[PDB]
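Asks: Once you've had a glance at the structure underneath, I'll fire off some questions.
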Amino acid sequence: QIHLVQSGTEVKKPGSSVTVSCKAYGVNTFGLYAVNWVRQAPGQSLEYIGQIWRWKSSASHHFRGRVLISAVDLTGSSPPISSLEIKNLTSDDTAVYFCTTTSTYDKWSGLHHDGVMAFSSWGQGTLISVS
Amino acid sequence: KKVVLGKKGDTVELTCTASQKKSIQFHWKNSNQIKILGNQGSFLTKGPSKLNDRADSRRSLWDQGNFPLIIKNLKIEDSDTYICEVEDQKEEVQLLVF
Amino acid sequence: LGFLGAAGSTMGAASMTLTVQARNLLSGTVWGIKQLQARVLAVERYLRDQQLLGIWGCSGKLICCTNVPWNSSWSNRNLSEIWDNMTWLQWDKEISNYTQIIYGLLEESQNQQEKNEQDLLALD
Amino acid sequence: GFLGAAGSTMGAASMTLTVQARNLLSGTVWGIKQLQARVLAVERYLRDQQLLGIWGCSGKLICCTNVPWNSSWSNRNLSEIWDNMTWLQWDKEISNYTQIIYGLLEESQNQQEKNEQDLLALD
Amino acid sequence: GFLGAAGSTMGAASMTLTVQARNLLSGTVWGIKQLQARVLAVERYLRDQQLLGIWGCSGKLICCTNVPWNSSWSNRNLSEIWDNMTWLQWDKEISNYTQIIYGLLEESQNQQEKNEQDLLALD
Amino acid sequence: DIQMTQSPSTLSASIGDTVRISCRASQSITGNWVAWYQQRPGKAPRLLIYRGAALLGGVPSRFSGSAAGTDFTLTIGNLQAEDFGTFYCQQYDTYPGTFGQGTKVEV
Amino acid sequence: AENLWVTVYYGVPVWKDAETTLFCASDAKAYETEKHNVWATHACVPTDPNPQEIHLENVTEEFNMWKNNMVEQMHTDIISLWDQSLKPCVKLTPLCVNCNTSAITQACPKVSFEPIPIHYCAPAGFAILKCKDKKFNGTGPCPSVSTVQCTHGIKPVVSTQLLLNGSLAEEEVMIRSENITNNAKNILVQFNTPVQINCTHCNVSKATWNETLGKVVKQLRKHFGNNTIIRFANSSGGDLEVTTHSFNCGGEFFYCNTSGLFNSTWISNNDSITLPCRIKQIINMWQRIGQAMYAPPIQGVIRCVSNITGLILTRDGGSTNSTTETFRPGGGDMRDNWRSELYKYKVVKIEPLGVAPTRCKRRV
Amino acid sequence: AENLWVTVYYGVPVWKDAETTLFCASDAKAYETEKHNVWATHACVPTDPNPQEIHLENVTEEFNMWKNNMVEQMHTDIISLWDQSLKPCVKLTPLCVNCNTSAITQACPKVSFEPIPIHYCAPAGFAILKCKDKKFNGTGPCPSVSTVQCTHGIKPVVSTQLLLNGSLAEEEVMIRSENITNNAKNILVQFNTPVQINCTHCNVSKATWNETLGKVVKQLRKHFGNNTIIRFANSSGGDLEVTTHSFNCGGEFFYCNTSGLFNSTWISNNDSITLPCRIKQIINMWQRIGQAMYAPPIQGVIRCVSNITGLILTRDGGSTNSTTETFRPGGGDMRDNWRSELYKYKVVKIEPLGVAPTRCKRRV
Ligand SMILES: *[C@@H]1O[C@H](CO)[C@@H](O[C@@H]2O[C@H](CO)[C@@H](O[C@@H]3O[C@H](CO[C@H]4O[C@H](CO)[C@@H](O)[C@H](O)[C@@H]4O)[C@@H](O)[C@H](O[C@H]4O[C@H](CO)[C@@H](O)[C@H](O)[C@@H]4O)[C@@H]3O)[C@H](O)[C@H]2NC(C)=O)[C@H](O)[C@H]1NC(C)=O
Ligand SMILES: *[C@@H]1O[C@H](CO)[C@@H](O[C@@H]2O[C@H](CO)[C@@H](O[C@@H]3O[C@H](CO[C@H]4O[C@H](CO)[C@@H](O)[C@H](O)[C@@H]4O)[C@@H](O)[C@H](O[C@H]4O[C@H](CO)[C@@H](O)[C@H](O)[C@@H]4O)[C@@H]3O)[C@H](O)[C@H]2NC(C)=O)[C@H](O)[C@H]1NC(C)=O
Ligand SMILES: *[C@@H]1O[C@H](CO)[C@@H](O[C@@H]2O[C@H](CO)[C@@H](O[C@@H]3O[C@H](CO[C@H]4O[C@H](CO)[C@@H](O)[C@H](O)[C@@H]4O)[C@@H](O)[C@H](O[C@H]4O[C@H](CO)[C@@H](O)[C@H](O)[C@@H]4O)[C@@H]3O)[C@H](O)[C@H]2NC(C)=O)[C@H](O)[C@H]1NC(C)=O
Ligand SMILES: *[C@@H]1O[C@H](CO)[C@@H](O[C@@H]2O[C@H](CO)[C@@H](O[C@@H]3O[C@H](CO)[C@@H](O)[C@H](O[C@H]4O[C@H](CO)[C@@H](O)[C@H](O)[C@@H]4O)[C@@H]3O)[C@H](O)[C@H]2NC(C)=O)[C@H](O)[C@H]1NC(C)=O
């Protein structure tokens, strides 16, 4: 009864910034639904970039200083939109981006570890060929 | 989802059937998600709508799981895909009057 | 430290903060029928918990080595990483449920080694 | 089981009681007379438990508390100690014999604990 | 006896209390007010017993828990330790001194038990 | 990090079988904080069993597992047509979380 | 040491015999119906809604219906209850204070009376044991034993010769008396079918009466006499409750002489027997030695519905041993009916202990 | 051994989630004032005179006002209490037994009624946690958390659209609803100032009403719409309690349509509003589906003093999104008011344990 939608198709110049979205239908707020952002090399495995738990702009040490996460919180007329900012899009930044909406209110059944939560649902997947 | 036929000027009933035999906070709506009617657990709240004097719910079937809507003096304008908001598995009923 | 007065990454200082709290584990027609029965039920439940506490194989606090082997399937802890810091909730109930599974196994094994040696030793 | 066997005496009762003890947990309006009975029951149970607490064994189904069940009482062959045990008239005499060694045993371990407890010196 | 002697202080009280402790057991209708007093009495007694249970001596009439009754407090000659003891005004000061060593003693044995419990590491 | 390595990569099986799917990991994880992501052909990955072997009422009981130290053999019994896919044992324990190698179930 | 030191058990089904007073277990219907004695309702302890019972396997436990000690408290509870309870207007106690006949005068109101079931619960410990065999001759062993925390659904009735509204026997009837065929003891038998007696005079059925006489006569032959004829005789003689039969008929006690019922000749080798009953106003007290007086009934023809379950009667005692057996109605002692309700139990208690003398040698 | 063996803790502030029934904590004023339902007084458990509370430091604990489980027991206690309690002369329950409208007729006495504060205490363990932050949007986190043994001084009132005599919001009002601006959810806001309403008809003040409309309109703009005008519309429509407002006015329930109150246009870029109320004798029951009937009031002009604290109302739902916002009175669900009292808590319990896997190796 809950479906996640990410941004569309985006092609950026080498050495630029990106702003992809993560719409979350049937979701209330990022305060209850923290979103962990994970990238994916096209065709390859998915590497966890970072997260926006409790409206906290952060990423991994491999992604620190290049990736910060904002998640515009809206509910009702508009679903919660989790954004993603990745600076200096080189040709190596050609990747498929991914978001994940999972509840943070439930705190005694099995959903999360130090921010890295159980990825229940996913969006569509945004293939971005930086050219 | 259910498709129901009809004619102008007919006492039609649109059921709102849930899975569990309980009376919950339901909301009857038009295609524009405008509040036709609902309940405060034990009252009949005819929400802000154009069919205020037309639509009417049955009291005795709420505990029986049904939160219907009875429309008197049916019209072509009264024909809409009415949204049966119950248990988040909405049996949005369709009405055809032409 | 305090009754939920810290927030950090997990596993050790909780053993240390609970160590400090446990070091100071003591913090040192008319009038009444309904409250007394609640006090009686509370002491019955507490004492029933205490006798079940008494039939255990560790009897020690915050540093205990009861006999079940937290095997390599469960053991991944580096030597110095065992005692550093620990808060973390959904993770905690799973950690706490893991704490109890080792507890029942541990005390059953020390009860089993105490009983096994009891039958076999025989320590003159 | 709770009286689900019938055999010759002495050991499997230590074993059947050992299994039962291994799973010793099995895991104007409304009321004035029943509460006093529950209170008296827990007062009696707790009084029994504190008297249980002032004992010198504190162990279950296999216990060596200090009184010598002397040769006047000791006739048990080594392997005959743990085989099977039900038997009633014989049992209260056996059970009363169980209690006499219990009081003596715990008094002796209390006496050795107290005596050592006077003499040791365990620094 | 229960206050059946009168002599100079320190030891036979350890001995008379030793004898008493050797035999420490001496072996519309009917009721609402007395039951609550019995419940409060057993709650207070059991609360005292659990506090008794969290101690570092667990033994009676002769015990050496770990606090050093230092030379500032220690003046007792070796044989003068166990002779005879009654004496009241002096006793509450003696008894309060008994308790100060008690809390310190049990805190130190709890501290050595805990310290060794962190350090030993006894395989 | 802790390099997860799902074993094997490809395997052949019929419908209605019981096959264990290992998952290498330098660290073991108490209770298996590794979610298996069955990426079926034509569908995004999903949650099969939260907590390795805990009971989930949204996924049928055909999925079961077992843990052997560095390896985590998901013993999926009664394989079906939808079971022919690429699972993904992902530790969601360390920071960051890593995927395995992937296991393809085919005819 | 190398010598034998004994073990300490815990949570054991060992037991020690107990001699004490149990308490009544009847719901506090105290507050709603009425507290006018309806059979346990002055201040009785309620019943545990979940009766506990654990069957004892392979336990050849014997039971005597004469040395119960559970019996000992029931009549004390019943006499104290009838005293607090339904009161006669006349109380008589002859006592040498040759003796001085004393008298106590009080009020005697009458209410609709019906016996209520009274379970018997025990204090902490005091395990009760339920015999559940088939062949139980009162003073006999029991293969099928099942301990209980509280007794079963016992519905006692203080009554004469035939027990009213009580328990049942095993497959025909059961001869549970002290002696089976001694001409010195009272025959203690209970029924197996609830014999419905309709009293308006009592329209006693004849087919059920012939069937109960037939089942009892065959059981008496099985107990004594292979090829023997057992014939029934009329009443023995005595007081009103002796020749006739007292029973709870809507609170009152009709008195029909059971002499027109016992005249059946059975061979080893039918609408309604309307017996003449009597309106009860003044009778000898059954509690102790004396007389009573009550209020007149609210009905001229008194309707009631009662099922009678029990057979306690007297005997001629001649010899006449196996040639023919002849029995007469009567009996129904207050002391014996009291023993007849609680006939399959005993009370034992325990502390969690027991030994095995071993050489285990553990520290402390 | 050289392997890891884990430790045993004791007296820990660790916890495990609990799912249970809490009990009411309201003093036994049972014996002196009266037991005629004044809001907890039939057999309610008294209140601990010393409410316990321990603040939790640096604990970013989240709270949802929809998944409390403490809420779950309050309405059950309240419905059971209104049933034992103040009784209508007419009870209606339509049930298919299409359905068969059932009816229960009893007495309907009227007494002066006033809500009493009901604390909510828990059994042994079952730690309750009090959110004490400022910005609490219902389904939101709480920086300032403080566990409690029993709840705070909650004064609930079963009522319509605006909560009467209850708790307060944080510094203006607080938009705590499930969704903030969805046209599908009910707006759940509580007041911060006790709005005194004097009913004799109710002399509703105008300066306080304009101030509460101004504080709520600014909070709605802060929640949604930077440069937007929010205008208030008249009633939505429906039953008596829907268009008008039910509230405890000396026991009775006056009914003033709140349509002459909500017509204020606020800009982002005065003696007494005497509304016409109604004497309450027959209304739809709020407990379940049906109707009621009570006794006539003892006063022609009924005086009462009441402070109203809460804001639950409906909305048009057009778009009309940020151009202008329009809201209408109504709402006040029994299920939602029930959720609205106990909105900052959760229940967790614990046994004294926890580990550290070490190589300490102690004997036993
Ligand atoms: C606060 O308020 C918001 C709305 O204002 C609520 O959010 C809605 O939640 C419901 C479910 O709870 C959402 O419904 C789901 O929508 C998914 C997306 O479909 C939309 O988008 C596509 C693409 O544009 C359109 O074609 C389509 O018509 C919809 O407009 C669906 O995929 C979901 O369907 C799933 O379940 C059904 C069940 O039958 C299956 O048949 C489907 O195959 C699928 O598995 C579902 O219908 C709705 O979209 C949400 N709206 C918004 C705006 O977010 C919140 O729920 C509310 N807060 C709370 C706590 O209730
Ligand atoms: C239930 O139990 C009682 C008591 O045991 C039985 O009562 C006996 O009934 C028989 C009849 O079956 C009685 O015998 C009758 O005696 C009468 C004499 O009564 C007068 O004398 C006595 C003193 O002896 C006075 O007290 C009394 O008031 C009377 O003044 C006779 O008159 C009877 O004879 C009648 O029948 C014969 C039949 O041939 C006629 O010829 C006569 O003319 C006359 O009509 C009869 O003999 C006996 O006395 C009673 N008491 C005993 C035995 O102690 C019940 O009968 C019994 N119920 C049954 C069996 O159903
Ligand atoms: C609180 O809520 C209620 C219900 O929502 C509001 O009631 C509405 O009030 C308006 C007036 O503001 C009503 O409009 C009036 O309708 C009258 C017709 O009543 C007759 O007909 C109905 C059937 O339609 C019968 O049931 C009834 O018994 C009567 O027989 C008109 O007579 C009124 O006109 C009057 O004023 C105009 C002013 O120009 C004059 O020209 C007329 O001559 C006449 O004097 C008026 O039109 C409306 O019907 C009510 N019900 C609704 C909307 O459902 C309350 O007003 C509201 N409280 C407030 C706003 O303070
Ligand atoms: C319900 O209430 C909770 C708390 O009561 C509330 O969560 C809070 O949300 C705000 C923002 O909505 C958070 O404030 C953030 O603080 C960080 C740290 O300084 C900032 O970096 C954030 O800025 C980010 O977001 C901007 C928005 O566009 C981005 O443009 C920018 O790039 C930044 O990445 C922001 O100011 C606050 O931390 C949380 N609090 C907690 C405890 O989580 C929640 O939003 C409320 N929900 C609703 C629906 O009202």
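Identifiers for the structure tokens are assigned positionally: chains receive A, B, ... in sequence, residues are indexed from 1 per chain, and ligands are indexed from 1 in the order shown.
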As a list in words, please: every protein or nucleic acid residue near ligand 4 (cut-off 7 Å, counting only C-alpha atoms and all ligand atoms).

Replies: residues 28, 29, 30, 31, 54, 55, 56, 57, 68, 69, 70, 71, 72, 73, 74 and 75 of chain A; 135, 136, 137, 139, 140, 141, 142, 143, 180 and 223 of chain H

Asks: Could the residues in this selection be saved with N, CA and C atoms as a CSV table (one decimal), in the first residue's frame?

Replies:
chain,number,residue,atom,x,y,z
A,28,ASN,N,4.4,9.9,6.1
A,28,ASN,CA,4.1,11.1,6.9
A,28,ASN,C,5.2,12.2,6.9
A,29,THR,N,6.3,11.8,7.5
A,29,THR,CA,7.4,12.8,7.6
A,29,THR,C,8.8,12.1,7.7
A,30,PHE,N,9.8,12.9,7.4
A,30,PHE,CA,11.2,12.3,7.5
A,30,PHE,C,11.5,12.1,9.0
A,31,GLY,N,10.8,12.8,9.9
A,31,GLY,CA,11.1,12.7,11.3
A,31,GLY,C,10.8,11.2,11.7
A,54,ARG,N,16.8,11.9,10.9
A,54,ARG,CA,16.5,13.1,11.7
A,54,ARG,C,17.0,14.3,11.1
A,55,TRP,N,16.6,14.6,9.8
A,55,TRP,CA,17.1,15.8,9.1
A,55,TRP,C,18.6,16.0,9.4
A,56,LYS,N,19.4,15.1,9.1
A,56,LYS,CA,20.8,15.2,9.3
A,56,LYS,C,21.5,15.0,8.0
A,57,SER,N,22.1,16.1,7.4
A,57,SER,CA,22.8,16.0,6.2
A,57,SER,C,24.2,15.4,6.4
A,68,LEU,N,25.9,15.6,0.4
A,68,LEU,CA,25.1,16.1,1.5
A,68,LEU,C,23.7,15.9,1.1
A,69,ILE,N,22.9,15.5,2.1
A,69,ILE,CA,21.5,15.1,1.9
A,69,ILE,C,20.4,16.0,2.6
A,70,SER,N,19.5,16.6,1.8
A,70,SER,CA,18.4,17.4,2.2
A,70,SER,C,17.2,16.6,1.8
A,71,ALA,N,16.1,16.6,2.7
A,71,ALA,CA,14.9,15.8,2.4
A,71,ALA,C,13.7,16.8,2.8
A,72,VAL,N,13.3,17.5,1.7
A,72,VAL,CA,12.2,18.4,1.9
A,72,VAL,C,10.9,17.7,2.4
A,73,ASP,N,10.5,18.0,3.6
A,73,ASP,CA,9.4,17.3,4.3
A,73,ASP,C,8.1,18.0,3.9
A,74,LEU,N,7.2,17.3,3.3
A,74,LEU,CA,5.9,17.7,2.9
A,74,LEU,C,4.9,16.5,3.1
A,75,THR,N,3.7,16.8,3.5
A,75,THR,CA,2.7,15.7,3.7
A,75,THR,C,1.4,16.2,3.3
H,135,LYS,N,8.4,21.8,20.2
H,135,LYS,CA,7.9,21.5,18.8
H,135,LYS,C,7.5,20.1,18.7
H,136,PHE,N,6.2,19.8,19.1
H,136,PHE,CA,5.7,18.4,19.0
H,136,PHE,C,4.5,18.4,18.0
H,137,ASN,N,4.7,17.8,16.8
H,137,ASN,CA,3.7,17.8,15.8
H,137,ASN,C,3.0,16.4,15.8
H,139,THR,N,3.2,13.3,15.4
H,139,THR,CA,4.0,12.2,14.8
H,139,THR,C,5.4,12.8,14.7
H,140,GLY,N,6.1,13.1,15.8
H,140,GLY,CA,7.4,13.7,15.8
H,140,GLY,C,8.3,13.3,16.9
H,141,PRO,N,9.6,13.6,16.8
H,141,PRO,CA,10.6,13.3,17.8
H,141,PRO,C,10.5,14.2,19.0
H,142,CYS,N,11.2,13.9,20.0
H,142,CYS,CA,11.2,14.7,21.3
H,142,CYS,C,12.6,14.7,21.8
H,143,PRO,N,13.2,15.9,21.8
H,143,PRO,CA,14.5,16.1,22.4
H,143,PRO,C,14.5,15.9,23.9
H,180,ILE,N,-0.6,17.3,8.2
H,180,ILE,CA,-0.8,18.7,8.6
H,180,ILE,C,-1.9,19.4,7.6
H,223,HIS,N,3.2,26.4,9.5
H,223,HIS,CA,3.2,25.0,9.0
H,223,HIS,C,3.0,25.0,7.5

Asks: Near chain H, which residues of chain C fall within 7 Å when you count only C-alpha atoms, and what do they look like as a ChimeraX atom specification?

Replies: /C:3-7,12,15,18,22,25,34,42,57-58,60-70,82,93,96,99,110

Asks: Going by DSSP on the backbone, which residues of segment 7-198 of chain G come out as strand (DSSP E)? List them as a PyMOL selection string.

Replies: chain G and resi 16-17+23-25+53-56+61-63+90-95+100-105+119-121+127-131+140-142+145-148+174-175+187-190+195-198

Asks: I need the chain C residues near chain A as number ranges by chain; criterion: at most 10 Å, counting only C-alpha atoms.

Replies: C: 8-10, 87-94

Asks: Convert the current residue selection to file output with C-alpha atoms, as a PDB file, in the first residue's frame.

Replies:
ATOM      1  CA  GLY C   8      26.912   6.948  21.600  1.00  0.00           C
ATOM      2  CA  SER C   9      27.951   4.080  19.318  1.00  0.00           C
ATOM      3  CA  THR C  10      27.814   0.481  20.680  1.00  0.00           C
ATOM      4  CA  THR C  87      23.445   3.096  23.589  1.00  0.00           C
ATOM      5  CA  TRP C  88      21.245   2.218  20.378  1.00  0.00           C
ATOM      6  CA  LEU C  89      17.468   0.970  20.549  1.00  0.00           C
ATOM      7  CA  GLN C  90      15.902  -1.198  17.768  1.00  0.00           C
ATOM      8  CA  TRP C  91      19.391  -2.568  17.532  1.00  0.00           C
ATOM      9  CA  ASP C  92      19.251  -2.858  21.341  1.00  0.00           C
ATOM     10  CA  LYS C  93      16.212  -5.046  21.565  1.00  0.00           C
ATOM     11  CA  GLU C  94      17.905  -7.335  19.219  1.00  0.00           C
TER      12      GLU C  94
END

Asks: Around ligand 3, which protein and nucleic acid residues have at least one atom no more than 10 Å from it, if we count only C-alpha atoms and all ligand atoms? List them as a PyMOL selection string.

Replies: (chain B and resi 52-53) or (chain H and resi 234-240+242-244+255-262+275-277)

Asks: Any chance you can output those residues with N, CA, C and O atoms as a CSV table (one decimal), in the first residue's frame?

Replies:
chain,number,residue,atom,x,y,z
B,52,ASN,N,-24.9,17.3,-0.2
B,52,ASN,CA,-25.3,17.3,1.2
B,52,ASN,C,-26.7,16.8,1.5
B,52,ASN,O,-26.9,16.0,2.4
B,53,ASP,N,-27.7,17.3,0.7
B,53,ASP,CA,-29.1,16.9,0.9
B,53,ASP,C,-29.4,15.6,0.1
B,53,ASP,O,-30.5,15.0,0.3
H,234,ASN,N,-18.2,29.0,8.3
H,234,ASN,CA,-19.2,28.5,9.2
H,234,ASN,C,-19.2,27.0,9.3
H,234,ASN,O,-18.3,26.3,8.8
H,235,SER,N,-20.1,26.4,10.1
H,235,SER,CA,-20.2,25.0,10.3
H,235,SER,C,-20.3,24.1,9.0
H,235,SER,O,-20.7,24.5,8.0
H,236,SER,N,-19.8,22.9,9.2
H,236,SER,CA,-19.8,21.9,8.1
H,236,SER,C,-21.1,21.3,7.8
H,236,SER,O,-21.5,21.2,6.7
H,237,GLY,N,-21.8,20.9,8.9
H,237,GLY,CA,-23.2,20.4,8.7
H,237,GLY,C,-23.2,19.0,9.3
H,237,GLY,O,-22.2,18.3,9.4
H,238,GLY,N,-24.4,18.5,9.7
H,238,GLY,CA,-24.5,17.2,10.3
H,238,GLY,C,-25.5,17.1,11.4
H,238,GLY,O,-26.6,17.7,11.4
H,239,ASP,N,-25.1,16.4,12.5
H,239,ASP,CA,-26.0,16.2,13.7
H,239,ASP,C,-25.9,17.4,14.6
H,239,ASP,O,-25.3,18.4,14.3
H,240,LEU,N,-26.6,17.3,15.7
H,240,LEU,CA,-26.7,18.4,16.7
H,240,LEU,C,-25.3,18.7,17.2
H,240,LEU,O,-24.8,19.8,17.2
H,242,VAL,N,-22.6,18.0,15.9
H,242,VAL,CA,-21.6,18.4,14.8
H,242,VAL,C,-21.7,19.8,14.5
H,242,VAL,O,-20.6,20.5,14.6
H,243,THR,N,-22.8,20.4,14.2
H,243,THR,CA,-23.0,21.8,13.9
H,243,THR,C,-22.7,22.6,15.2
H,243,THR,O,-21.9,23.6,15.2
H,244,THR,N,-23.4,22.2,16.3
H,244,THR,CA,-23.2,22.9,17.6
H,244,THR,C,-22.0,22.2,18.3
H,244,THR,O,-21.3,21.4,17.7
H,255,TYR,N,-26.0,23.6,23.4
H,255,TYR,CA,-25.6,23.5,22.0
H,255,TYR,C,-25.7,24.7,21.2
H,255,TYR,O,-26.7,25.0,20.5
H,256,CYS,N,-24.6,25.4,21.1
H,256,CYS,CA,-24.4,26.7,20.3
H,256,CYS,C,-23.7,26.4,19.0
H,256,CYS,O,-22.6,25.8,19.0
H,257,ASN,N,-24.4,26.7,17.9
H,257,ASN,CA,-23.7,26.6,16.6
H,257,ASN,C,-22.6,27.5,16.5
H,257,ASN,O,-22.7,28.7,16.7
H,258,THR,N,-21.4,27.0,16.3
H,258,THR,CA,-20.2,27.8,16.2
H,258,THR,C,-20.0,28.3,14.8
H,258,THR,O,-18.9,28.1,14.2
H,259,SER,N,-21.0,28.9,14.2
H,259,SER,CA,-20.9,29.5,12.9
H,259,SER,C,-20.8,31.0,12.9
H,259,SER,O,-20.3,31.6,12.0
H,260,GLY,N,-21.2,31.6,14.0
H,260,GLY,CA,-21.0,33.0,14.2
H,260,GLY,C,-19.7,33.4,14.8
H,260,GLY,O,-19.4,34.6,15.0
H,261,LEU,N,-18.8,32.4,15.0
H,261,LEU,CA,-17.5,32.6,15.6
H,261,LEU,C,-16.4,32.5,14.5
H,261,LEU,O,-15.4,33.3,14.5
H,262,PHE,N,-16.5,31.6,13.6
H,262,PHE,CA,-15.5,31.4,12.5
H,262,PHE,C,-15.7,32.2,11.2
H,262,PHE,O,-16.2,31.6,10.2
H,275,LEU,N,-23.9,33.2,21.7
H,275,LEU,CA,-24.4,32.3,20.7
H,275,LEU,C,-25.7,31.6,21.2
H,275,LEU,O,-25.9,31.5,22.4
H,276,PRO,N,-26.6,31.2,20.3
H,276,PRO,CA,-27.8,30.6,20.7
H,276,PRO,C,-27.6,29.1,21.0
H,276,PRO,O,-27.3,28.3,20.1
H,277,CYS,N,-27.7,28.7,22.2
H,277,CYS,CA,-27.5,27.3,22.7
H,277,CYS,C,-28.9,26.6,22.8
H,277,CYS,O,-29.9,27.2,22.6

Asks: Between atom CA of residue 350 of chain H and atom CA of residue 102 of chain C, measure the distance and give it in Å to one decimal.

Replies: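 One can read the atom CA of residue 350 of chain H to atom CA of residue 102 of chain C distance as 17.0 Å.
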
Asks: Give me, as a list in words, all polymer residues having an atom no more than 10 Å from residue 30 of chain H, counting only C-alpha atoms and skipping those fewer than 5 positions away in the same chain.

Replies: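 Near residue 30 of chain H, the qualifying residues are residues 35, 36, 37, 38, 40, 41, 42, 43, 44 and 46 of chain H.
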
Asks: Using only C-alpha atoms and a distance of at most 6 Å, pull out the residues of chain H that contact chain A, as number ranges by chain.

Replies: H: 140, 179, 181-182

Asks: If we count only C-alpha atoms, what is near segment 1-15 of chain B at a cut-off of 10 Å, once residues fewer than 2 positions away on the same chain are taken out, given as a PyMOL selection string?

Replies: chain B and resi 17-18+28+54-58+61+65-79+81-84+89-98

Asks: Quick one: residues within 10 Å of residue 88 of chain F, only C-alpha atoms counted, chain neighbours fewer than 3 positions away excluded, as a count of residues only?

Replies: 23

Asks: Which value, in Å to one decimal, gives the distance between atom CA of residue 100 of chain A and atom CA of residue 34 of chain A?

Replies: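 Atom CA of residue 34 of chain A lies 8.1 Å from atom CA of residue 100 of chain A.
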
Asks: Would you kindly return, as a VMD selection string, each protein, DNA or RNA residue with an atom no farther than 12 Å from any atom of residue 2 of chain E, considering only C-alpha atoms and excluding same-chain residues fewer than 2 positions away?

Replies: chain E and resid 4 to 6 13 16 to 17 19 to 21 24 86

Asks: Those selected residues, please, written with C-alpha atoms and delivered as a PDB file, in the first residue's frame.

Replies:
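Output file part.pdb follows:
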ATOM      1  CA  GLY E   4      20.569 -12.287  80.934  1.00  0.00           C
ATOM      2  CA  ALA E   5      24.136 -11.182  81.705  1.00  0.00           C
ATOM      3  CA  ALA E   6      26.072  -8.153  82.987  1.00  0.00           C
ATOM      4  CA  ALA E  13      28.844 -11.205  73.727  1.00  0.00           C
ATOM      5  CA  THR E  16      26.561 -15.589  73.976  1.00  0.00           C
ATOM      6  CA  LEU E  17      25.333 -14.304  70.611  1.00  0.00           C
ATOM      7  CA  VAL E  19      25.165 -19.653  71.350  1.00  0.00           C
ATOM      8  CA  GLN E  20      21.879 -17.823  70.650  1.00  0.00           C
ATOM      9  CA  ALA E  21      22.726 -17.830  66.941  1.00  0.00           C
ATOM     10  CA  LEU E  24      18.650 -19.065  66.143  1.00  0.00           C
ATOM     11  CA  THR E  86      27.423  -5.943  77.885  1.00  0.00           C
TER      12      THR E  86
END

Asks: Nearest residue to ligand 2 out of G:284, G:330, G:178, G:74, using only C-alpha atoms and all ligand atoms?

Replies: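 Distance minimum relative to ligand 2 lands on G:330.
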
Asks: Hey, what's within 10 Å of residue 36 of chain D if we count only C-alpha atoms and toss same-chain stuff fewer than 3 positions away? As a compact mmCIF listing (two decimals) with C-alpha atoms, in the first residue's frame, please?

Replies:
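Below is the file selection39.txt, written as the result:
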# COMPACT_ATOMS: atom_id res chain seq x y z
CA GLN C 37 -2.90 -5.60 47.30
CA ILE D 32 -13.00 -9.37 49.88
CA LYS D 33 -12.66 -13.03 51.05
CA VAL D 39 -2.03 -12.86 51.49
CA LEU D 40 -1.84 -15.70 54.03
CA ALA D 41 -0.59 -18.03 51.28
CA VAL D 42 2.22 -15.70 50.29
CA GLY E 31 -10.17 -9.44 60.70
CA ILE E 32 -9.24 -6.61 58.20
CA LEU E 35 -3.55 -8.34 57.86
CA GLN E 36 -2.18 -5.01 56.56
